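Asks: Take a look at this one; I'll ask things after.
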Amino acid sequence: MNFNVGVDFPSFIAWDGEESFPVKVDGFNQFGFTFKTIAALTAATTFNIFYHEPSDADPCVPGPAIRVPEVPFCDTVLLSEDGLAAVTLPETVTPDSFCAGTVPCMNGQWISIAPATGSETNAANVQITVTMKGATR
Amino acid sequence: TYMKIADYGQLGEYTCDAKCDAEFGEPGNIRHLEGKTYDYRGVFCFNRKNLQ
């Protein structure tokens with residue numbers, strides 16, 4: 001009796017392992033990631049977060065790639081060098097469980113993920129995807 | 208002398224949620240002007256002989 005859970009929380013591909021992908025997050029209002037690996041890892045990979053603005057050439061094409069400023073919670077004593085919230089996937093993660101991260105404040109209409117420098121060679125074996133929660137059309 | 212309100216200025220933005228913080232915005236402005244009063248005078252005389 002599986003409900004068609006496509007509608008009511010659809011999902012899209014952000015990082016397939018070779019090239020990033022912007023996803024539209026305007027129609028919806030609550031989103032998150034589910035990191036996934038295929039093969040064993042090495043030194044913990046890190047990931048940049050990005051947000052886009054609708055390019056003025058067409059209000060339905062994602063513009064350039066801008067990085068999202070980081071916000072801390074009430075008890076966050078470990079701020080990165082700059083802001084620009086990033087996610088470092090802790091290594092030693094076999095393909096038998098996943099992780100579920102999300103930025104705490106949305107700003108833009110297109111979220112994008114990309115591996116930071118010095119991770120690419122170890123980032124080709126990770127598998128990222130995103131899923132919304134709202135409807136609000 | 209009288210006061211004037213330059214502009215109320217912006218106070219508070221649409222901040223995100225889950226942000227234990229706030230923003231000071233930008234205070235307004237209140238000038239204090241003043242102005243004088245000018246006088247207007249003149250003179251006119253007679254001869255006192257034809258006035259009688």
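Residue numbers (the deposited numbering), protein chains in the order written: chain p1, 1 to 137; chain k1, 208 to 259. We put the CB at the ideal spot given by N, CA and C, even for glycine.
Could you check whether the Cβ of residue 104 (chain p1) sits closer than 7 Å to any Cβ belonging to chain k1?
Replies: By this cut-off, residue 104 (chain p1) is an interface position.
Asks: Could you check the C-alpha separation between residue 225 (chain k1) and residue 103 (chain p1) for me, to the nearest Å?
Replies: Computed Cα separation, rounded: 11 Å.
Asks: When Cβ atoms are compared, which residues of the segment 225–242 of chain k1 fall closer than 7 Å to chain p1?
Replies: The segment 225–242 of chain k1 vs chain p1, Cβ under 7 Å: 225, 226, 227.
Asks: Of all the CB atoms in chain C, is at least one closer than 7 Å to the CB of residue 71 (chain p1)?
Replies: Structure shown: chain C not included; protein chains present are p1 and k1.
Asks: Which residues in chain k1 sit within 8 Å of residue 60 (chain p1), going by Cβ to Cβ distance?
Replies: Per Cβ cutoff of 8 Å: no residues; residue 60 (chain p1) is ~24 Å from chain k1 at best.
Asks: Check whether the segment 56–67 of chain p1 and the segment 240–254 of chain k1 are in contact - that is, three or more C-beta pairs closer than 8 Å.
Replies: These segments do not touch.
Asks: Kindly indicate which residue of 48 (chain p1), 105 (chain p1), 96 (chain p1), 62 (chain p1) has the alpha-carbon position closest to the one of residue 89 (chain p1).
Replies: Answer by Cα proximity: 48 (chain p1).
Asks: Just to confirm, is the Cβ distance from residue 329 (chain k1) to residue 217 (chain k1) under 7 Å?
Replies: With chain k1 represented from 208 up to 259, any question about residue 329 (chain k1) goes unanswered, as that position is not in the structure.
Asks: Given that residue 74 (chain p1) touches chain k1, what residues does it touch there, using C-beta distances under 7 Å?
Replies: Simply 227.
Asks: Alpha carbon to alpha carbon, what distance is there between residue 230 (chain k1) and residue 112 (chain p1)?
Replies: Cα-Cα distance, rounded: 28 Å.
Asks: Does the separation of the CB atoms of residue 125 (chain p1) and residue 39 (chain p1) fall below 7 Å?
Replies: Cβ distance < 7 Å, so residue 125 (chain p1) and residue 39 (chain p1) count as in contact.
Asks: Which ranges would you report for the alpha helix (DSSP H) in the segment 96–124 of chain p1 if only whole runs of at least 4 residues count?
Replies: Counting only runs of 4 or more, we get 120–123.
Asks: Leaving out five residues on either side along the sequence, give the residues of the same chain with a beta carbon under 6 Å from the beta carbon of residue 15 (chain p1).
Replies: Cβ within range, chain order: 113, 128.
Asks: Measuring only the C-alpha atoms, how far is residue 36 (chain p1) from residue 117 (chain p1)?
Replies: Taking the straight line from one Cα to the other gives about 20 Å.
Asks: Excluding sequence positions up to five away, which residues of its chain have a Cβ less than 8 Å from the Cβ of residue 10 (chain p1)?
Replies: Around residue 10 (chain p1): 131, 132.
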